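Novice: According to the entry's author numbering, the residues represented by the sequence shown are 148 to 393, 398 to 420, 424 to 510, in order.
Structure provided below as structure tokens; questions to follow.
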Amino acid sequence: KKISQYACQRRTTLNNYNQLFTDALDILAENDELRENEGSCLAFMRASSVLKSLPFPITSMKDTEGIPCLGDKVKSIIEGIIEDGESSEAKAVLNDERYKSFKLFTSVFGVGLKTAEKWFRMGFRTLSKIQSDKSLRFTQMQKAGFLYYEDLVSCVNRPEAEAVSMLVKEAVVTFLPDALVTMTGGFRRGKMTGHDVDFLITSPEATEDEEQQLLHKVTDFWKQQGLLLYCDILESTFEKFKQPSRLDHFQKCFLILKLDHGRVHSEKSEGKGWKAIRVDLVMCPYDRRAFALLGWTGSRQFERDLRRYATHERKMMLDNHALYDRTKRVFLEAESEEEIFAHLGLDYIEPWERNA
Ligand SMILES: [Mg+2]
Ligand code: NA
């Protein structure tokens, strides 16, 4: 079978046979991410990712005897799961207070490690003592992250997801009827839930100016109707010929939308009417659209390896907008995702086989 070490040469759907180990590794892994420990975090991810791809549940250390990205520091945490049935380590981090406050604080829109650590040291340990504290100061992001904390913690359905997609179209389609709005990210990977609904937008006719102002024009429109609860519009920071660095994104746009419950058709058929929704819009040149999709579809690990594989194996540089060959000193183009995979010389993996 020979299991590639790269997630991009692996098929990882949503059929995990090793959640037991997986959530242990993601916990331990996510802990080093909060522990500013960039190195061990990697280890756990590679390992966790790998397992998520296995077609069977590991029931003994013998089953490990082949898989890659399986280091000692790890098999030891694995061996504990196999026996105890649970993880002493994993369980520990769960109780660690620093961890717990970092997760909890960080779970607020506008809150990252910086501000997370800030509040920790100040002795804060809850979001109630944080909001109420008549001293601290908050960004508009944090105000918005807090103001709608409740709904944002809640997952987002495909119903709700699709519900948003209509909205994102009736708008975009209005200012650029020759534009394609495709849902990206996790839902595009086959997931039943997610925390933000992503969309990549592109247009053939779209001009520089047009493809630019479009994003404002849409949010304007949402503002005029009280659906825009938050909005941050970063202008593109990409030059066309700026090869993949060994930031730099298109005009993206983070925001919270007011999803009116009446527009969501689900098996469920109220208090406010609506639900706050995190939404990301990415605008992109029609000619680079194939890299943005590959760039905006899952997953961290898939994207992570796609890149290291690209470099370390093909002396090529993959981007969210280009694919440069350092050898042929030429920029490869792709009218599709399949082409890109083709270029890197990889069997095509589907969006749902990308949940590495
Ligand atoms: Mg996003
Ligand atoms: Na956050």
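We put the beta carbon where it would ideally sit given N, CA and C, even for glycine.
Reducing DSSP to helix, strand and coil, say where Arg442 ends up.
Specialist: Note: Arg442 maps to coil in three-state DSSP.
Novice: Check for me: the beta strand (DSSP E) holding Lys403 runs from which residue to which?
Specialist: Per DSSP, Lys403 belongs to the beta strand (DSSP E) from 403 to 411.
Novice: From what residue to what residue does the beta strand (DSSP E) around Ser279 run?
Specialist: No beta strand (DSSP E) holds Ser279; the alpha helix (DSSP H) holding it covers 274 to 279.
Novice: When DSSP builds the beta bridges, which residues end up paired with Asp479?
Specialist: In DSSP, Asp479 forms a bridge with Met470, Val484.
Novice: So for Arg157, helix, strand or coil by DSSP?
Specialist: Correct three-state label for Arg157: coil.
Novice: Excluding the 5 residues preceding and the 5 following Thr211 in the sequence, name in chain order all residues of the same chain whose CB lies nearer than 8 Å to its CB.
Specialist: The residues are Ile205, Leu217, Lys222, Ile225.
Novice: For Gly227, which residues from the same chain have a beta carbon less than 8 Å from its beta carbon, with the 5 sequence-adjacent residues on both sides left out?
Specialist: Cβ neighbours of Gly227 beyond the five flanking positions: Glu233, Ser234, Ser235, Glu236.
Novice: Does ligand 2 have a heavy atom nearer than 8 Å to the CB of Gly449?
Specialist: Checking every heavy atom of ligand 2 against the Cβ of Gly449, none is found closer than 8 Å.
Novice: If you measure between the beta carbons of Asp345 and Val240, is that distance less than 9 Å?
Specialist: Taking 9 Å as the Cβ cut-off, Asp345 and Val240 do not qualify as a contacting pair.
Novice: In the DSSP assignment, find the unbroken alpha helix (DSSP H) run with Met313 in it and report its ends.
Specialist: Element bounds for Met313: 305 to 322.
Novice: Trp428 and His412: beta carbons closer than 9 Å?
Specialist: Their beta carbons are under 9 Å apart, which means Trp428 touches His412 by this criterion.
Novice: Taking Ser196 and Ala154 to be in contact with their CB atoms under 8 Å, please state how far apart those CB atoms are, rounded to whole angstroms.
Specialist: With a Cβ gap of about 5 Å, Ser196 and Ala154 count as contacting.
Novice: Put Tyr377 into one of helix, strand or coil per three-state DSSP.
Specialist: Reduced to three states, the DSSP call for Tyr377 is strand.
Novice: Do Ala318 and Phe401 have their CB atoms nearer than 9 Å?
Specialist: No, the Cβ-Cβ distance between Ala318 and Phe401 is not below 9 Å.
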